[PDB]
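Every residue, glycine among them, receives a Cβ derived from its backbone with ideal geometry; neighbour counts consider all protein chains shown. Here, each number is a calculation from the coordinates, and none is a lab measurement.
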Amino acid sequence: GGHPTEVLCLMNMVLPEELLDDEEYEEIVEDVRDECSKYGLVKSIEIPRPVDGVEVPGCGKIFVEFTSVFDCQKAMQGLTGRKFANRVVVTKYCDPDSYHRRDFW
């Protein structure tokens, strides 16, 4: 996209119809927390859910946030083509102004 930041945009983890279970979602945060800390420190992860069946803009992504740009730059390449569920993971940079909000598309 544009300049790198400490966030990471990822796709092909979750499905538009699997973000419903409360006792699965919170495990999936910690699952990725352990894995991505191998390259730095994942500050947090951001998984917008559907609304009672309804789709939202920026659904079906995940964004991850690090505690330095320079660690995220290692992860983003180093974990291109990992499997953060069962599928592939493609990676991308994102912008953090949108990250801290729900400004997803």
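Summary table
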| read-out | value |
| --- | --- |
| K74, sole failed condition from (1) closer than 15 Å to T5 by Cα; (2) within 15 Å of the chain's Cα centre (by Cα) | (2) |
| Options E24, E17: the member that is among the charged types (D, E, K, R), within 17 Å of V56 (Cα to Cα), surrounded by fewer than 18 Cβ atoms within 10 Å (Cβ to Cβ) and over 14 Å from the mean Cα position of the chain (by Cα) | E17 |
| Lone unmet requirement of (1) β-branched (V, I, T); (2) without any contact (Cβ under 8 Å) to a residue 40 or more places away in the chain; (3) under 16 Å from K92 (Cβ atoms) for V54 | (3) |
| Selection within segment 33-54 - of a type in the set (A, V, I, L, M, F, W, C) and under 12 Å from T67 (Cβ atoms) | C36, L41, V42 |
| Positions within segment 72-84 being farther than 19 Å from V29 by Cα and of a type in the set (D, E, K, R), in sequence order | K74 |
| Single condition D71 does not satisfy, out of (1) out of contact with any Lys or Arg (no Cβ under 9 Å at 6 or more places or on another chain); (2) assigned to a loop (DSSP other than H, G, I, E, B); (3) surrounded by 14 or more Cβ atoms within 10 Å (Cβ to Cβ); (4) not β-branched (V, I, T) | (2) |
| Failed item, numbered, when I47 is tested on (1) of a type in the set (A, V, I, L, M, F, W, C); (2) touching an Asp or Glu at 6+ places or on another chain (Cβ under 9 Å); (3) under 15 Å from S98 (Cβ atoms) | (2) |
| Count - residues of segment 23-68 that are in a loop (DSSP other than H, G, I, E, B) and either over 15 Å from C9 (Cβ atoms) or among the β-branched types (V, I, T) (or both) | 11 |
| Matching residues, segment 1-22, being in a strand (DSSP E or B) and either out of contact with any helix residue (DSSP H, G or I) (no Cβ under 6 Å at 6 or more places or on another chain) or farther than 16 Å from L79 by Cβ (or both) | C9, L10, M11 |
